[PDB]
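Only one chain is shown below, in structure tokens, and it's the form deposited in one PDB entry.
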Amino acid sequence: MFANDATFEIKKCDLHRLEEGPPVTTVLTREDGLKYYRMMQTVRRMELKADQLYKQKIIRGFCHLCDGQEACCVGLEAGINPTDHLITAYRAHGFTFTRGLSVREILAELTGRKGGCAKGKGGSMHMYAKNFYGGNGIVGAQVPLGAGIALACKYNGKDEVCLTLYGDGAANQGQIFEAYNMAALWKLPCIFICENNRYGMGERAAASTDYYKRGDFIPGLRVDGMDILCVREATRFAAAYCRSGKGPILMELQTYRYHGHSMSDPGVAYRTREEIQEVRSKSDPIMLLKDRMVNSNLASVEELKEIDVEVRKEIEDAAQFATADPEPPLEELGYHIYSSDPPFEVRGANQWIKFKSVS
């Protein structure tokens, strides 16, 4: 027999212009623990498969992976409603899955096939789903977009909120500051979220690394981004704040990504590989959740091994669908340039090439 739920300690958040933050203690039911665990694993395995298909050259152009940051996408989803809105940058595979896309439609978008959620038209950086606005390749551009989505929530009067994510490297984009100002002035229910993984490609670049305070007049909290329950509580708190009418808030997530450190100075890259290995072994998100669930008697060691096995299977079914699936046919090159219009022609590489465009 298993414990039905248990209490855990979570890092206190540093606060900016708040007198109280989220609790330092929280309750995990075993049912939730199981669901969060499956979800983080599904994202971990999906990203390991994408890395494999990328290196095989089956996936092209970009393929930013988020393994290491699973506590973020799964924790954020745990703190909000399906009817809330979320937009992020290009490292979006996890979010695409936590907002309800299958591993199939995600990997098949990555391998550029007809069965991709975007029909092979977008690839890694541009995936959309219900109340998930991408998947956005221009650093910083998604922050105003999210502020707009938040404006739409306020305007519709339905008490929904918008989570608007940017990384530490994006944090010095001017348009983020333009957004902070309008959000605060118009009391938008926008949660401004800095995913801080210590790298923006390869404080060389930020005068302040206190991301949670950069909104100045907007309040902010700093959260342990490696702890799924910690992200869950902070998000619950941050969404409460916006729903209640108090305007925007900042949440800085302190997390870490295992991929995309292809530094070419040998000293720096050696050191970065050590760091990757330290973070993985001391604060891996999934491992952290596992230790907790076993240790509080919320689930069994072998029960999670069973989940790993079902997940390996889901991902394997999805990889082979994504490598066998046909590419979109050529005659659909010009499809979906405009919404709601009658069919028209688009020019190809010379005037004698015509593609039909339908909405």
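Counting begins at 1, following the sequence as shown. Between two forms, the rigid core is the largest collection of C-alphas that superpose within 1.5 Å.
Visitor: Does the chain run continuously from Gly202 to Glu203, or are deposited residues unmodelled in between? Answer none, 1 to 3, 4 to 9, or 10 or more.
Guide: The entry has a short gap there, with 1 to 3 residues left out between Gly202 and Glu203.
Visitor: Out of 313 to 321 and 44 to 52, which one has CA B-factors that are higher on average in the deposited record?
Guide: On average, C-alpha B-factors are higher across 313 to 321.
Visitor: Decide which of the stretches 229 to 237 and 258 to 266 has the higher mean C-alpha B-factor, going by the entry.
Guide: Result: 258 to 266.
Visitor: Highest Cα B-factor in the PDB entry belongs to which of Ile337, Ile10, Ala349, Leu15?
Guide: Answer, based on the entry's C-alpha B-factors: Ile10.
Visitor: Within this chain, which third does the Cα B-factor at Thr88 fall in: lowest, middle or highest?
Guide: For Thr88, the deposited C-alpha B-factor lands in the lowest third.
Visitor: Which third, lowest, middle or highest, does the C-alpha temperature factor of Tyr128 belong to within its own chain?
Guide: Highest third of the chain for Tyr128's C-alpha B-factor.
Visitor: Is the Cα B-factor recorded for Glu178 in the lowest, middle or highest third of its chain?
Guide: Lowest third.
Visitor: Looking at the entry's B-factor column for C-alpha atoms only, identify whether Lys121 ranks in the lowest, middle or highest third of its chain.
Guide: Tercile = middle for this residue's CA B-factor.
Visitor: When the modelled residues of the chain are sorted by Cα temperature factor, does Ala108 land in the lowest, middle or highest third?
Guide: As the PDB entry reports it, the C-alpha B-factor of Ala108 lands in the lowest third of its chain.
Separately, the form deposited in another entry exists; it is not shown, and the next lines address it.
Visitor: Select from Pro82, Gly267, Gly245, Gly157 the only position whose Cα moves 2 Å or more between this form and the one not shown when the core is aligned.
Guide: One residue passes the 2 Å cut-off, namely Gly267.
Visitor: With a C-alpha distance change of 3 Å or more, do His261 and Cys63 lie closer or farther in the other form?
Guide: Their C-alpha distance shrinks by at least 3 Å in the other form.
Visitor: Regarding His261 and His64, go with closer or farther for their CA spacing in the other form versus this form, the difference being 3 Å or more.
Guide: Closer: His261 and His64 approach by 3 Å or more in the other form.
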